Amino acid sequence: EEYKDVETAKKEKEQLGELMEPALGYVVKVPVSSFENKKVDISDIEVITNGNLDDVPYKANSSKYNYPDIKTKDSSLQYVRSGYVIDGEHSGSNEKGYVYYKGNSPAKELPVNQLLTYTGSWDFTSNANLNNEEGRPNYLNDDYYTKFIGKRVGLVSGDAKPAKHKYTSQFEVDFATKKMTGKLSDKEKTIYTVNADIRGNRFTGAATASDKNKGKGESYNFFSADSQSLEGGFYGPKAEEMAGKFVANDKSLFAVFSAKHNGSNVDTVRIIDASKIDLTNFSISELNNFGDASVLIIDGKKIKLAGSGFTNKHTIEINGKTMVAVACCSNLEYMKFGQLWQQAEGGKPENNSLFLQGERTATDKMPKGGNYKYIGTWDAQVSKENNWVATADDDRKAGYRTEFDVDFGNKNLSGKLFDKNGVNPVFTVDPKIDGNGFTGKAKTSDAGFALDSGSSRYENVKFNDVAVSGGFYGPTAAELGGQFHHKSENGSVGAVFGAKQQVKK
């Protein structure tokens, strides 16, 4: 043969609960009830797809408010924002406003082992409950800028007078154990404790109400319900900041929070690769990714990369553009790579690009030794006077093959990338393995290769010292992938590759 894919457990399929999907952010409307429908709960939570911290959800709506009150932007926060957009002199049937969090740059590296405290604030809206039985307070003029608290209109943190209420948050993250603990406080009183586990760049868990008694009248407690729906993310390339939300299990409260750690020169490890090489410019950009390499986010919209084929085409409309992705491969579970272009129907493919996403192997799971072969394929474009392409395929004898020898003992990797029917590879790779990744150089042979395999028309393209970088993906590092690109007068290339560990016989 003489090699075959190593048999590996398939990735355990997961379905996250309805409140537990990762997103850049979320926003909810403050509930409003009435004599006819006296209880109105948190509902209609909406995803945010805009990571720009200067744009607050529903800002335009707020121009019509009696007293627009948009919670101020904390200048020390670079990647996250949470708060509210409310009418501070709310009256009548007009809307009260919204509570939200958002972030940009979902973390692709996490701190390795430093115990880090994130400090910040939290905000909330209650539901609306006019029921006499509920016993919500009528008059608390020293506490809030409104009356009939949480009755016809949900109570918002932005209703509270700072003399009596200040909602602050603190979280302690042990990155070594992927555990988070913390407290949401009001001045010197603990209101919730929180517990979560980290997966990818997200955390999921619970908020525990510190006072389980609702009480009644002036002593009514808005924060009596627990939540099993705490979910948030680390944002900033190295998880500098965090933001998230939870919903009370009885839908009586929606809370949001954001915070930033006080660490200096923190050592980090990679968890995610997700990038795109633009094939007109041969330039690289980051993709938003939360730790699932099979979810490809394009211009805010999620594409689920699943399919029966060795590679699968996805044609999706996003903001009035028709995007096409061809993703590889059916035999890789912890990474995806392929081609992405725009093609109206219509019928001409434009703005072609490549992408690679991977879920890095935990560094404690990297083999400490052994020698292995990896085999896979690649997608690429090479350009000079002419164009040349590699298109991912599964013909392991004659196709667009890739092969790698990996020596975990000596931390060494080398590779070969082939043209279809090619005797010798068009590119070789030589690098070093550091933890769950590798970096090195790509080059052609001394004579290089011809871009049109039919004409003797132009000089062969040649490349030397082209940066290559990539990683090991999945629980046992049985998958690897990476990318390289280069642009000059002497030729251009963009290339993404992936390969599966082999076993003999």
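Sequential numbering from 1, following the sequence displayed.
Comparing the deposited coordinates for 255 to 263 and 335 to 343, the stretch with the larger average C-alpha B-factor is 335 to 343. On average the C-alpha atoms of 346 to 354 have higher B-factors than those of the other stretch, with 298 to 306 and 346 to 354 being the two compared. In this structure the maximum Cα B-factor among 494, 25, 491, 481 is found at 491. Looking at 211, 186, 89, 393, the one whose CA carries the top B-factor in the deposited record is 393. Residue 218: CA B factor in the highest third of modelled residues in this chain (values from the PDB entry). Looking at the C-alpha B-factors along this chain, the one for residue 201 belongs to the lowest third. In this PDB entry, the Cα temperature factor of residue 409 sits in the top third of its chain's modelled residues, the highest group. Among all modelled residues in this chain, the alpha-carbon of residue 171 has a temperature factor (C-alpha) in the lowest third. Compared with the other modelled residues of the chain, the Cα B-factor recorded for residue 368 ranks in the highest third.
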